[PDB]
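So that the names make sense, note that chain A is the first sequence line, chain B the second, and so on, each numbered from 1. Hydrogens, waters and symmetry mates play no part in the numbers below; they use all other heavy atoms, side chains included.
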Amino acid sequence: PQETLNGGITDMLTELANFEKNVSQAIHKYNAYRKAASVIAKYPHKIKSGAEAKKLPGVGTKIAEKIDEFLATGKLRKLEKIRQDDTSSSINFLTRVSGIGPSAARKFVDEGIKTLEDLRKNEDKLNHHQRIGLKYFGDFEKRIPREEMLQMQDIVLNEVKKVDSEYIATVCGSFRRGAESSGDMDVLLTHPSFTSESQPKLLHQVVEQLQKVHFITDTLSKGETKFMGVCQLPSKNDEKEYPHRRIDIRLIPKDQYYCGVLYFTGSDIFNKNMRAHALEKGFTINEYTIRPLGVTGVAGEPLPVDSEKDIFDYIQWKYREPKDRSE
DNA sequence: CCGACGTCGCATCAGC
DNA sequence: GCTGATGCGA
DNA sequence: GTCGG
Ligand code: NA
Ligand code: NA
């Protein structure tokens, strides 16, 4: 399925989604459009009518109508209008800054602040996160080539092991599934000394070391279990410096680690199926634990998990490599 | 018709 | 000052 | 906005 099949349609729907999220602040509408865009993007035929599209799950009456108008006119009157609405297009844009959500964007535009330039003029109105988001606006919208992700991973695993050889670290996301590019780096971290029935220092030590060797450059947020920040690969002499990247690191208890790894490896659609299949076999799977479901739906204690495979076994499923988990 | 549409850590705000 | 709500991100 | 109890 190529992007010239129904690209005009999926762009239209994706645009509408962003306005629902960022302007109308209707997150469920945003996801509805998003889902419709995805199901059409996977549809291997040039859509001829809204009725045809309506047969797909996620495409209802109103999107069918919008597709009709698009096919017949090449545009959407409502979308055309909101594009040239200076207030709405400004609110929608500012949300592209990490830290600026729908509410902050609305406030800024209310008081005249519409552009990156305007944001730079008003540092004192930005929180810490938003300043970093502004500072690295361009870098953050860049994708990360797998080769750089590998170089980044090299540094993370090396420094983590150097802090304490017993730490376990796993870079997840689409990267673990072998994607040729990434949007950020998501690191899951654990230590044998840290369980559910349990130092409040295990994350700090790792963040500190990666700061000491100047891999981590900024901090968006940091607590005892969750770090969110910025990193950058070292400059190779004369070569042009690498873009600053987003990196998350979270500390998970050892007994919830592999449920954590599984979930944050994805993909989203694969996770859905695996949870769907798990219920059939009488198990509830979430991000933290896998639990058995008694005859009336009463969940019992979390079952012990010591690897990803352990989960697959519990639910009579064959272990699938991250490579083969796109659905 | 009408509720669901994931969940929660951290930063910060609103209230007391 | 403290506790709980909200915004944000993922 | 879409689905479905
Ligand atoms: Na439908
Ligand atoms: Na944002």
Side-chain angles (χ1 to χ4, degrees), chain A residues 9 12-40 50 53-67 76 78-79 91 94-108 125-134 136 140-141 171-175 182-189 200 203-204 207 218-230 245-253 256 259-260 262-269 271-272 274-276 279 284-289:
Chain A
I9 293 179
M12 166 179 77
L13 297 180
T14 295
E15 238 187 283
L16 281 175
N18 297 340
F19 280 106
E20 294 295 347
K21 171 160 75 75
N22 305 322
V23 176
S24 296
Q25 303 179 14
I27 184 69
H28 301 301
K29 276 190 167 189
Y30 154 77
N31 281 315
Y33 276 119
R34 205 138 145 276
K35 182 181 184 216
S38 294
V39 70
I40 289 181
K54 197 184 198 314
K55 304 200 280 200
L56 306 174
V59 179
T61 289
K62 293 224 214 164
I63 286 180
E65 298 188 1
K66 290 183 172 59
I67 284 171
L76 242 206
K78 277 174 187 175
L79 191 45
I91 298 181
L94 288 187
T95 54
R96 289 164 56 183
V97 183
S98 176
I100 295 189
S103 182
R106 180 87 85 111
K107 268 203 59 220
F108 286 141
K125 290 181 155 67
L126 270 33
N127 63 32
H128 178 64
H129 188 146
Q130 288 162 343
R131 294 187 176 122
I132 306 302
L134 176 56
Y136 302 121
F140 286 179
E141 278 189 349
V171 181
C172 303
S174 56
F175 167 84
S182 296
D184 57 353
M185 172 160 285
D186 190 11
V187 186
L188 275 64
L189 188 70
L203 183 60
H204 169 90
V207 176
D218 294 89
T219 304
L220 295 176
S221 59
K222 169 155 127 59
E224 288 173 14
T225 57
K226 183 153 152 270
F227 168 88
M228 300 176 64
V230 187
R245 310 293 195 176
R246 280 278 294 104
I247 178 180
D248 295 341
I249 307 177
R250 56 188 122 217
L251 190 68
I252 304 181
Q256 297 176 16
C259 278
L262 175 70
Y263 174 79
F264 287 109
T265 295
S267 62
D268 287 328
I269 307 173
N271 282 340
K272 199 267 175 176
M274 188 173 182
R275 283 159 192 255
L279 295 210
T284 173
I285 294 184
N286 60 20
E287 24 224 282
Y288 310 104
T289 61

Asks: What heavy-atom pair brings A:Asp184 and A:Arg246 nearest, and what distance separates the two atoms?
Replies: CB-O, 3.3 Å

Asks: Specify the separation, in whole Å, of atom CE of A:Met12 and atom P of D:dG1.
Replies: 12 Å

Asks: Quick one: A:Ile91 CD1 to C:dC8 P, roughly how many Å, whole number?
Replies: 12 Å

Asks: Shortest non-hydrogen contact from A:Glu224 to A:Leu251?
Replies: O-CD2, 4.1 Å

Asks: Contact class for A:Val97 vs. all strands (heavy atom < 4.0 Å): base, sugar-phosphate, or nothing?
Replies: sugar-phosphate

Asks: Expressed in whole Å, how much space separates the P atoms belonging to D:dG4 and B:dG6?
Replies: 15 Å

Asks: I'd like to compare against my own output: the B/S/- annotation of nucleotides 4-13 of chain B with a strict under-4.0 Å heavy-atom distance to protein.
Replies: -BB-SBSSS-

Asks: In whole Å, I'd like the distance from the CG atom of A:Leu188 to the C1' atom of C:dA10.
Replies: 12 Å

Asks: Select base, sugar-phosphate, or nothing to describe what A:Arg106 touches, counting heavy atoms under 4.0 Å on all strands.
Replies: nothing

Asks: Please give, in whole Å, the distance from C:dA10 P to A:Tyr30 OH?
Replies: 11 Å

Asks: In this structure, how many angstroms lie between the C1' atom of C:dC8 and the CZ atom of A:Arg96, rounded?
Replies: 18 Å

Asks: Using the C1' atom in both, what is the distance from D:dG1 to B:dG9, to the nearest Å?
Replies: 30 Å

Asks: Closest approach of A:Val59 and A:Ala53, non-hydrogen atoms and distance?
Replies: CB-O, 3.4 Å

Asks: Do NZ/NE/NH1/NH2 and the carboxylate oxygens of A:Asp248 and A:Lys226 come within less than 4.0 Å?
Replies: no

Asks: What nucleic acid atoms does A:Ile100 come within less than 4.0 Å of, heavy atoms only: base, sugar-phosphate, or nothing?
Replies: sugar-phosphate

Asks: Decide yes or no on side-chain contact (heavy atoms from CB on, under 4.5 Å) for A:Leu79 and A:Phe19, but give the supporting numbers first.
Replies: CA-CA 9 Å; A:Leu79 191 45; A:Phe19 280 106; 4.1 Å; yes

Asks: Within the 4.5 Å heavy-atom criterion, are A:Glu15 and A:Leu76 side-chain neighbours or not?
Replies: no

Asks: Counting any heavy atom closer than 4.0 Å, what does A:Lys29 reach on the DNA or RNA strands: base, sugar-phosphate only, or nothing?
Replies: base

Asks: Over all strands shown, is A:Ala104 touching base, sugar-phosphate only, or nothing at heavy-atom distances under 4.0 angstrom?
Replies: sugar-phosphate

Asks: Can you tell me how far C1' of C:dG7 sits from NZ of A:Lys107, to the nearest Å?
Replies: 12 Å

Asks: Would you say CZ of A:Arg131 has more than 12 non-hydrogen atoms from neighbouring residues, nucleotides or ligands within 6.0 angstrom?
Replies: yes

Asks: Report which part of the nucleic acid A:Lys66 touches: base, sugar-phosphate, or nothing (heavy-atom distance under 4.0 Å, all strands).
Replies: sugar-phosphate

Asks: Give A:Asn286 one of three labels, base, sugar-phosphate or nothing, depending on what nucleic acid heavy atoms sit under 4.0 Å from its own.
Replies: nothing

Asks: Rounded off to whole Å, could you give me the CD-to-P distance for the A:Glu20 and D:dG1 pair?
Replies: 6 Å

Asks: Roughly, in whole Å, what's the span from CD1 in A:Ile132 to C1' in C:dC8?
Replies: 16 Å

